[PDB]
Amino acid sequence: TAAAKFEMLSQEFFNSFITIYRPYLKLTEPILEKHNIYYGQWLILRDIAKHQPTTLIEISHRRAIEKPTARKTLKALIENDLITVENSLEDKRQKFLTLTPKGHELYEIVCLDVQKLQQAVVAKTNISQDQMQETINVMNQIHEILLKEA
C-alpha cells in the first residue's frame, strides 16, 4: 500500500515521461515500506531535510499541497518521532520543523537505497551520461513552463 496509498509526437513525448511515474513508485516502494514509512510522509520528510529549519507554511507552498494533508502528514511524521517542532507558543502552522536523529537515520538510509536502485536501472540500459545530461535539459525546460505558469 506504500505506492498504492499515494494513489502526435508531443503526445508521445509527454507520455514517455508522465507514464513512468507510477511504475517507478511501485518499484521504489519496498525501499520505503522497509522503514515503515509512506510516500507522502517520505516526500515531506525529505522536504524538511533539504530545507530545515522549515515550517508547515513553507512546506505546503514548496511541496505544493493543501495545509490539511500537509498537516495530517506532518503529525504522523511527528507522531513517529522523525521530525521535531521548536516549542514556542505560536500557531502550529508557523512553528519550525527539523528531523530528529531517528529521521536523519531513516532519511539517509532511504536516500542511499534509491540512489542504488536508480544507478542500477541505468546500468541495465544503453543510455549514456550524455543522454542523461541531455534528457535533463529537455525536461527542465518543461518543468519551468509548468511552474512559471502555476
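One-based numbering along the sequence shown.
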Using what the record says, work out whether there is a hole in the model between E7 and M8 and how many deposited residues it spans (none, 1 to 3, 4 to 9, 10 or more).
10 or more
Would you mind comparing 24 to 32 and 88 to 96 for me and telling me which has the higher average C-alpha temperature factor in the entry?
88 to 96
Per the PDB record, is the mean Cα temperature factor higher over 122 to 130 or over 13 to 21?
122 to 130
Out of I65, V114, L82, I44, which shows the largest CA B-factor listed in the entry?
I65
Assert third(CA B-factor, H104) within chain per record equals lowest
